[PDB]
Structure formats: C-alpha cells, structure tokens
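# Sequence unavailable; structure follows:
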Ligand SMILES: NCCCNCCCCCC(O)(O)C(F)(F)F
Ligand SMILES: [K+]
Ligand SMILES: [K+]
Ligand SMILES: [Zn+2]
C-alpha cells in the first residue's frame, strides 16, 4: 500500500560546469538543476514530496552497464587540470568534463537507484529524480551528449537483478534519441524501450541510422525497441498524443510492465532551443497521467534534458503535479497530427506489426464524493466524503413538476444528490469527481446531463456501459455519447461511438485497444468540461468491469478530472472500484494482454474510418490526397 511521491535531489549535482568556450555544450548549465527545484518550491510541490537522500552508486552498480576500461578512465578525471580535461573531452562526442563531474555522475546514478529502491519497496507510489549529468546518450565504453553514465540503464538493470523483474518499460520523451539505452537493451526482450526524437531524416544529432523506425531490436529482443523519429520540427500536442494513443500506449498495456522508468527530457517542450517543438508544458501532465495505470503506478521519472530555463520548470511542475495526483489541465486545440508525424506513426506501426498484432492492417482534501444508498455506511479512502439542501430540493421540485409522474422519494433523493454533487464539482470546485448510486437510470441520467448544461458545462462526454436504448439523445447540447455493449448496432451520427465488443475471454483486450485507440483520442479532441460515466444493472461485476477501473482513471485526463459516475443498482465490489480509481489510488494491472480477436479489430477499424474525418486525432495513417 504505497503512499506518496519521492523527490530525490541534491544541490551537489549543480557543482560542475563547462570551463572552456564550447558552443556544443554551452546549453548544459547547472542552472537547469536549481531552476527545476526552485520551481517545484514556488508552486509548493517539493514540500508535498517525500525527499529521499542522494547516495553514490557503487562501482559494481556502474559496471552493470559499463566496462572497467571506461570507468577507470573516468575515475581519473578528478585529478586533471583544465588542459587535461579538454584533452579528455575531445575523445568523446559533445560532452565536457569537470573535476567534480565524476562525483556528480556517481550521484546522478545513485539517485536513480535510490528512486528505484523507494518505489519498488512500496515506500512510495512513484517519484522523480532531479539529477545531473543526464544519461540516455551514455554508452558502455564512452561518454556522449552531456552524459557520463547511463542512469536509466542502471535503474532497469538494478531493478532486474535486485527485484527479479521480467518486464520493464522505459519511456524516453526527451527530444533526442537515447542511443545509449537502445544499445544496452538491444537484444533484451525484458526491457521495452520507447523513444521519440527529433530526427529530420538523420540530419539532426546524433545522426544515427539506428535512431530510425527500422531499428526494432535485434535477436530475441526484436520488437522491444520502438523509435518514433520526428522528421520536422514544430511538433505540437496533437502529435505527441497521437504518438501515445496509436504507438506507445497499445504496446505498453499489452506488454504490461512490472515497472515504468521515464527518461524525462523537457527539451521536447515549446521554447527549447534544441528541440524546436511546440508542445506546451501542460502536455507532460498528460503523458505522465496516461502511464500511471501501468505497473500499479510504480513509476520512476529521471531528469534528462531541457535547456530553456523558463519553460523547464513549468514542465517539471506539470510532471510532479500529475505524479502527486493533482487534476490534469484541460488541453484545447487538439486535432490531427501533421502529415509528417502521421508518416512516422504509420511507418512504426507497420514495421512493428510483425511483433504487435494490433498494428496490422488490411491490404489495399476533498476529491471524491461518495453517495451510496441510505443507511449503508462504507469504508472510504482518506479524501472521500458523503452527501441535501432546500434550494436543491426546491429545484428538484421544479424539475419534478415540469418534466415528470415522479413520486418515489428514494429516486427524488438521488436527483437532489446528483445536482448537489454537480454544483460542488463545477460552480464551487470543492470536489473534483463523484459517484452516485442510482435506482432509476433514465431519469437520473437525463436529469444529470440537463442540469449540467446549466452549470454551465459547455461540452459533456457520456460514457455508457450496458445494452438497450441510451437514456440521453445526441441533441442535449454539445454531447458525445459512448456506449459499450454487446447488441450489434451501426450508428450514424458523428458525435456517437457505439462499441459492440464480442463477449468472452478477450473482452478485456478489445476494450483496452478500443479505449486507447478510439475513446481517448476523440475525448481528448472533444475537450469536455465534464465526463458522465454510466453503468446499468445488466453490465455490473461482469467481464467488462475488469477494465472499468482503468477507464475511469484514464478518463480523468479530461475535464480537469471532473467525472460524475452513476452506478445503477448496488454492487459493493463495483462501487469500491470506482471510488478508489476516482480518488486517485493505484490501479491493479491487467496482466499481459493478448491481441484481441480480429472480429473486434475490424469493428474498431470501421469505427475509426467513420469518425477520423471529423475527429482527426483518430488518424494513424497519412491523409489520402484530394
Ligand atoms: N555538431 C554539434 C552537435 C551538438 N548536439 C548536442 C546534443 C545534446 C543532447 C543531450 C540531451 O538533451 O539528450 C540530454 F538529455 F542528455 F541532456
Ligand atoms: K527520446
Ligand atoms: K529492448
Ligand atoms: Zn535531450
């Protein structure tokens, strides 16, 4: 039962710097480290995190990913003067050395191990390490690209040996390719390495053909190395989210990592002189959030790059915000990925399709308000509450007279409860989300949505779980309706998405692929002000409630996390699961998910072809030119 978020940091790692004029290395300054921590303090985030002390990495730990020949060469640098430090730096590609850099490199390595021990010993839920020098360019016998030792490589090897881990996911969202990490795990199918990076047809540093999408791994580890090259600059939020939805996330949940490590470099953020991208710092609150259902939340974030001092702290804060569980900012303006990004996304999916079958194509502190039935007390997490007002009961009496004949007082209580929690979610912002146990489905749902439009909730997303007619139409304001059922139907409207999954053992896999590839792209582009989750009696405790905790966790990326959930009937297990995932707890893994049955893959692709014209964030192929 892990608790909070670790923040490993030490100011000693800022006590090395460039000592000669060297235009390639001028951007790597100690101020990157002090600005990232000071920004965490100004916004009160550091004080909220469990500080963990920085230790040195033992030379046996360093030899996990490096050779004695190179370690002993670095170990001799603290005795060098400046002229000897230049002579040693010139032996390597874009990296300087300092009398103190060997010391700090051992701290950056040990700090990463400290973070691994913290998360793996269930001492913390997750954590971030603010280390310097970076890691992912460092190779077995050479320093490269400001890196001395591969901090992320150690963590994965350290977590393998000392915790007997079989499946580790490494996500490298730094704008540069982490060839050091690729080389280290090239033939290793236990460490899935994903990296997007500014490539520009190999014209951008490090200018390696192995950085291209062709490198899917060697030997038994082929298919466990995924490169996504950005071939043009100016990539935006829609590009990064299309990369997650249609490349990284489908592979990650099938892989089911036992631990997620992140090469977090924020030179992929707007304003950075090296990445020249256009993604806002808020995007990293979502990249983080979309990964947290993996590995029961066990997530280690290690600082890599990020060179614009202003935009850097903003991106660090968004990551720690999400790491602590704060509501994710609403991302607006999302649409289709540019044609270059779609080109790379389409190529990676095809080259990886021989290893991941879902990529194949056909030939051409109050957070949650819990409102259960009367006289049933329950055990609720620390940040959970309970229930009515007269202005509410008056308004419910107004609603009851004008639109309903409604007599039962038990469902008059729920209508007053639904309104009360909705007003606290929007107008007053006290709570984020809530759950209400409901008897009458059609009235509760139709009253909830109609009251939400007056809050005002501009656009509402409605996720319905069950068969039969929906209690809400496509007309009630700006709404997008999503139904998960088993009754085969073919919808016509562009704001409706009906997913008829084929019941059985593979209901778990088809759901997740439909969530990451269809539901989440549309919802993120829709940008709802409120999410309305519904589940009827017929679908409760049944086979598709395995993914429900995952959906209600991932869907909180929309609408600042404001999600009202209406449970029909009463299931103790179900209400337990929704409230936990609404409250921010960790989600139990689903195990290694096989590929869904091709009968569901086809229905999903028919839905994608139907909506990707209107909702361009569904596209994972270049647009056919007209
Ligand atoms: N001909 C001159 C090429 C200079 N290119 C410098 C690229 C440095 C990349 C470092 C980084 O941002 O990946 C890290 F995270 F490691 F800091
Ligand atoms: K990268
Ligand atoms: K690998
Ligand atoms: Zn970088």
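Good, I have the coordinates. Numbering: from 1, shown residues only. Ligands and ions are numbered 1, 2, ... in the order given.
# residue boundaries of the strands in the stretch 251-400 of the chain?
Using DSSP state E, counting those that start in this stretch, the strands assigned to the stretch 251-400 of the chain run over residues 259-264, 299-303, 368-371, 384-385.
# Residue 286 is in contact with residue 557, isn't it?
Yes. Between residue 286 and residue 557 there is a contact under C-beta atoms under 8 Å: 5.5 Å. For every residue, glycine as well, the C-beta is placed using N, CA and C.
# what sits in contact with each of those two?
Residues touching both residue 286 and residue 557 by C-beta atoms under 8 Å, 6 or more residues apart in numbering: residue 328.
# Point me to the residue of the stretch 451-600 of the chain nearest ligand 2.
In the stretch 451-600 of the chain, the residue found nearest to ligand 2 is residue 516; the distance is 20.5 Å by C-beta to the ion.
# Regarding the closest residue to that residue other than its chain neighbours, what is its secondary structure?
Computed as C-beta to C-beta, 6 or more residues apart in numbering, the closest residue to residue 516 that is not its neighbour in sequence is residue 249, at 4.5 Å. Assigned with DSSP: H, G, I helix; E, B strand; the rest coil, residue 249 falls in the helix class.
# Tell me which stretches of the stretch 251-400 of the chain form helices.
Assigned by DSSP state H, counting those that start in this stretch, the helices in the stretch 251-400 of the chain fall at 282-291, 309-324, 339-352, 390-403.
# The lengthiest helix in the chain near ligand 1 at all?
The helix that spans the most residues within the chain, counting by DSSP state H, is helix 101-120. No. Judged by C-beta under 6 Å from any ligand atom, helix 101-120 stays clear of ligand 1, getting no closer than 11.1 Å.
# helices or strands next to that helix in the packing?
Helices and strands touching helix 101-120, by 3 or more C-beta pairs under 8 Å, 6 or more residues apart in numbering; DSSP states H and E, are strand 5-8, strand 50-52, helix 59-62, helix 68-75, strand 126-129, helix 151-163, strand 259-264, strand 299-303.
# quick one, it and helix 151-163 angle?
Orientation note: helix 101-120 sits at an angle of 50 degrees relative to helix 151-163 (axes from the mean of the first three to the mean of the last three C-alpha atoms, to 10 degrees).
# okay, now the domains of this protein?
1-360, 366-626 (curated CATH domains).
# Give me whichever of the ones you listed is most buried.
Neighbour counts (mean count of other C-beta atoms under 10 Å) averaged over each of the domains of the chain peak at domain 1-360, with a mean of 21.
# so the closest residue to ligand 4 within the stretch 1-150 of the chain, which of the three states?
As assessed by C-beta to the ion, ligand 4 sits closest to residue 134 within the stretch 1-150 of the chain, at 7.1 Å. Look at residue 134: counting by three-state DSSP, its state is coil.
# show me what contacts it?
108, 145-147, 151, 265, 303-305.
# doesn't residue 360 make contact with residue 353?
Yes. With contact defined as C-beta under 8 Å, residue 353 counts as touching residue 360 (4.6 Å).
# any idea how far ligand 3 is from the residue of the stretch 451-600 of the chain closest to ligand 2?
Relative to ligand 3, residue 516 is positioned 21 Å away (C-beta to the ion, to the nearest Å).
# is it fair to say that residue lies in a helix?
Yes. Residue 516: assigned to a helix according to three-state DSSP.
# circling back: out of the helices of the stretch 251-400 of the chain, nearest to residue 450?
Checking those against residue 450 by C-beta to C-beta gives helix 390-403 as the closest, at 8.2 Å.
# Which other helices and strands does the closest one contact?
On a contact count with 3+ C-beta pairs under 8 Å, 6+ apart, helix 390-403 meets helix 409-425, helix 441-452.
# I'd like those helices laid out as JSON lines, including distance to ligand 1.
As requested, the helices and strands packed on helix 390-403 are arranged in JSON lines below (distance: least, C-beta to the nearest ligand atom, whole Å):
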{"stretch": "helix 409-425", "distance to ligand 1": "40"}
{"stretch": "helix 441-452", "distance to ligand 1": "44"}
